[PDB]
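*Asks:* My questions will all concern the structure given below.
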Amino acid sequence: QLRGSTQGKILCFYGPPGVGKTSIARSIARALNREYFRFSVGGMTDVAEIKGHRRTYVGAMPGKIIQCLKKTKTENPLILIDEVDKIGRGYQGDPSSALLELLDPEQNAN
Amino acid sequence: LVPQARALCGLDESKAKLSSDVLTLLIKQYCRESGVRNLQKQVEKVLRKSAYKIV
Amino acid sequence: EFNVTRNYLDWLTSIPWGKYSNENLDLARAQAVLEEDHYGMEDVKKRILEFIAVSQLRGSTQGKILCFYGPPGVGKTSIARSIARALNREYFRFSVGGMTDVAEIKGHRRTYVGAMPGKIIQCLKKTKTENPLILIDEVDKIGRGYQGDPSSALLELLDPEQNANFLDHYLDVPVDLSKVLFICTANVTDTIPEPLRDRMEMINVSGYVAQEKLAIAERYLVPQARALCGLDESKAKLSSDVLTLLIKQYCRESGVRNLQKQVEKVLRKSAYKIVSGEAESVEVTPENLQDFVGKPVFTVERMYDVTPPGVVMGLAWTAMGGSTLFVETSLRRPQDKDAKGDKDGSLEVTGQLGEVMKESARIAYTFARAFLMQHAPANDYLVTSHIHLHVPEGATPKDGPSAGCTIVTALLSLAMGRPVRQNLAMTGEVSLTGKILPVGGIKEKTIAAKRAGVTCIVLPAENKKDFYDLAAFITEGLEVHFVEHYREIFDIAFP
Amino acid sequence: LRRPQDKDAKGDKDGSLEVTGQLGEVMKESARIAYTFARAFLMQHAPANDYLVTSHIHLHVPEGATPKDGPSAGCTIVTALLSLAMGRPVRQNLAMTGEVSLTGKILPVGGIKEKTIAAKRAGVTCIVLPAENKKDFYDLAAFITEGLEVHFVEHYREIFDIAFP
Amino acid sequence: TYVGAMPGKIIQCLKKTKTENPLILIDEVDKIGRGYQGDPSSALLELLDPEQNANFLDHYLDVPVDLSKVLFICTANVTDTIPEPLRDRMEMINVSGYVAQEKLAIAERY
Ligand SMILES: Nc1ncnc2c1ncn2[C@@H]1O[C@H](COP(=O)(O)OP(=O)(O)OP(=O)(O)O)[C@@H](O)[C@H]1O
Ligand SMILES: Nc1ncnc2c1ncn2[C@@H]1O[C@H](COP(=O)(O)OP(=O)(O)O)[C@@H](O)[C@H]1O
Ligand SMILES: [Mg+2]
């Protein structure tokens, strides 16, 4: 409210399960009026899912984040990435090292 | 919580009262955990059985 | 492209959009439609009565999801089909066990040459209703060893909030299936992934007992197979006694499959003995039974009446049914090689135990020898002799610790030489001072113990709440002794 | 045998086994229990003998049995040691099998058909089998059963009362 | 529509057999499946199911063609690798080995 334009942010919640952590996010989205969209990532291991593919492969589709942007048709929703702690981390290519390229506050702008 | 389940199941407050002592009794005896989820299951169970008892 | 578009339009058009199967709402009807079509299982019956009552009371029709789990062949799948017939919504089912990729649940991207929409969409294409009773089955052993769990897609399928707009690949459209009624089956809950396990109501089908297993045999198996094979009641009468013998000897399992198959062979060999055989009216008799099945596949019930020193009957809740595993231990070396020495007699544990059972056994040993010196200082049999120990494998891993109570009673028995009282089960864990602990899965245990002629069951006192949930006949004969502190067990075990 | 029998005439130290044959685990399990039961039977039977109580002993069980069937051979071992224990050549062409328990109660084992047909051509004449498996021996083609004598038992102490009259 | 778009193999069998009650013999079922489409087994099950196959309908011919009188059969080396939905639709029969004194009888006769 002191500086006009909307701002983004990253946050973490943690505690025992079932404290309402998921549901309250939706309540916040209804309060601030941003759009809501849940997205679990427990155990994900296809990093390409977050970043699409070369577009020359057959069957390629753009990664999730564009899919949700296409759904919300709005520049500034409120994604709810869930259960990041359980993200897949194996020899096949850990997505979590690619999440940093989203999550980093400065560089997400590009 | 209870009103939400009650609306979830169509019953209204006139039909299924839940005296508070029963509620404290449940949380203290019939399920223990920091989370409320299992208690949510219990309360819906009592409601839904109550609904069958009405119908 | 024209062919792919042909397939695509045909698929998109075939999907029902607002078609709603009608839903019967006669409580008096469904009551009989269930009770006359399946035996027992009061709780599931009562639950579906709950569901109907909720939907009729709560205005418009609604979907739901549930999770049965139990021993195989117990009727899990047939009740589901009967229920679908009862509720008037259309039926469908499909296996999930051992699959890894989601494409069968998720179709394909439809630019591929072999792409087709996922199987649920086929069920929609056939089941014209937009709210069918889907029946996923044996989720507990879904294939998940490959990199990338299908189970995440499964949780994507189940959770209602995104069930409203689930998104298949072959066609790119969100699709509500909240109206759809999922059901799922498992022989053991634990193997199912936690995020999905916490999302669903649980129900446990139990194992049928011989007395009731008979009545189902002579209501739904024999008539059914007889109509299947075309024989008529004029041809193939079976006295109940031969069925008893089939149960007593030729089949020994909590389910109703092996008895099913063997009855099938009998009826089949009867029909063969009609198509050309001299008899036009079979009447199996116990003497005659051999002709159709050959010599018995079981003869012993238990491996023998217990040897007094060093064995004990032990209930265990194995992955398939209950069972009566015996714990067995023995001396390992002459006891009195050096009466004056001081080097305590080592244990030898066996039975391919996981580590937690191993320490549990060691703990049990410590408490046992503690109690032995505690009340019998003069004795030394267990402090100065090596011993080897064996708990046969088979128990579900969670049940491993429960052996400990019996284990204590093992050593002390051998330490005393006193016979254990005949046909007297016990189970449960111990806590190093004789306090006894709650244990799960009591139902199947009491089932098998009844099956083995036990009469004087001994249980943790705390868990009595469940033992009084048993059917009135199941309790017959058995003499439960609820107890909590093991010193009581020493009283009852050795009068 | 593997070391001199009186290296410690008063020594309180075990007659350690040294098994060989590229064993699997379950065979180790069955072998160990067989070792113990042998030691028990001997103390119950010939208390004065202690050859097994104090004698380090090498043992060789050749590999080749199907692994699930591997415990079935235990009973043979149980006499092997006993023969060497008591110094008695085993009685001629008397093969035996079946799993055993700590009380010497033989248990059923599978694959009798393959077992019988293979032993038939070895010249064996007096097989002994679990009585609990006996019905399957009354399902094989009759010519297989002609020739060899058969026994049936439940407690191994009988088997010891057959092989060594 | 494809060049040489002959009806699938069963239709050729119907041609060769010139009769409505062949002893069709599916073979080596155990290792079918796991194609690019996952499997065609669903369509095979549609064949196996009498009410569906009663008006079985190939792509090459618009007419449904009943095949109720066909006597389908199956074989597989072992009853484990077969996909379950077909497995329940069929019965299983264990096949044994041969006696050495009888294997010679075969050796002489065939
Ligand atoms: N209560 C029952 N009423 C009628 N049939 C029964 C009942 N219980 C078992 N059955 C019989 O058991 C057989 C198989 O049962 P069902 O398939 O429902 O068992 P199941 O537990 O689904 O087995 P699995 O899940 O391992 O397939 C059926 O042929 C069925 O007739
Ligand atoms: N302070 C609270 N207010 C309202 N609901 C709560 C609260 N704490 C827990 N809950 C309940 O806990 C349940 C779990 O909520 P959710 O946040 O969806 O799961 P998670 O606990 O995994 O974040 C919801 O049904 C919610 O009503
Ligand atoms: Mg089933």
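The numbers used for chain C are those of Swiss-Prot, and the residues that appear cover 454-948, in sequence.
Using N, Cα and C of the backbone, Cβ positions are placed for all residues, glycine too.
Not my notes, these are from Swiss-Prot:
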- C:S855: active site (ACT_SITE)
- C:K898: active site (ACT_SITE)
- C:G523, C:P524, C:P525, C:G526, C:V527, C:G528, C:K529, C:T530: ATP binding site (BINDING)
*Asks:* Take the mean position of the Cβ atoms of C:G523, C:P524, C:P525, C:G526, C:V527, C:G528, C:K529, C:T530, the recorded ATP site. Which other residues of that chain put their Cβ within 8 Å of it?
*Replies:* C:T638, C:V658, C:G708, C:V709
*Asks:* Which recorded positions of C:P524, C:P525, C:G528, C:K529, C:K898 contact ligand 1 in the sense of C-beta under 6 Å?
*Replies:* C:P525, C:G528, C:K529
*Asks:* For the recorded positions listed here (C:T530, C:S855), which one has the lowest count of neighbouring CB atoms within 10 Å of its own CB?
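*Replies:* Comparing Cβ neighbour counts within 10 Å for the recorded positions C:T530, C:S855 gives C:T530.
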*Asks:* Out of C:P525, C:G528, give me whichever of these binding-site residues has the highest number of other Cβ atoms within 10 Å.
*Replies:* C:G528
*Asks:* Compile a sequence-ordered list of residues in the same chain as C:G523 (ATP binding site), six or more apart from it, whose Cβ lies below 8 A from its Cβ; state 'none' when nothing qualifies.
*Replies:* C:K529, C:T638, C:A639, C:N640, C:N657, C:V658, C:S659, C:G660
*Asks:* Quick one: pull the CA-CA distance for C:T530 (ATP binding site) versus C:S855 (active site), whole Å only.
*Replies:* 32
*Asks:* Work out the three-state DSSP category of C:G528 (ATP binding site).
*Replies:* coil
*Asks:* Filter the candidate list C:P524, C:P525, C:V527 of binding-site residues, keeping only entries whose CB is under 6 Å from an atom of ligand 3.
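*Replies:* The ones that qualify number zero, so the answer is none.
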*Asks:* Could you say which of the binding-site residues C:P524, C:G526 has its Cβ with the most other Cβ atoms inside 10 Å?
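*Replies:* Going through C:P524, C:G526 one by one, the largest Cβ count within 10 Å is at C:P524.
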*Asks:* Please report the number of other Cβ atoms within 10 Å of the Cβ of C:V527 (ATP binding site).
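*Replies:* Cβ-Cβ neighbours of C:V527 (ATP binding site) within 10 Å number 23.
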*Asks:* Express the distance between the Cα positions of C:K898 (active site) and C:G528 (ATP binding site) as a whole number of Å.
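*Replies:* Taking the Cα atoms only, C:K898 (active site) lies 20 Å from C:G528 (ATP binding site).
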*Asks:* Round to the nearest Å and give the CA-to-CA distance linking C:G528 (ATP binding site) with C:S855 (active site).
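*Replies:* Answer for this pair: 29 Å between alpha carbons.
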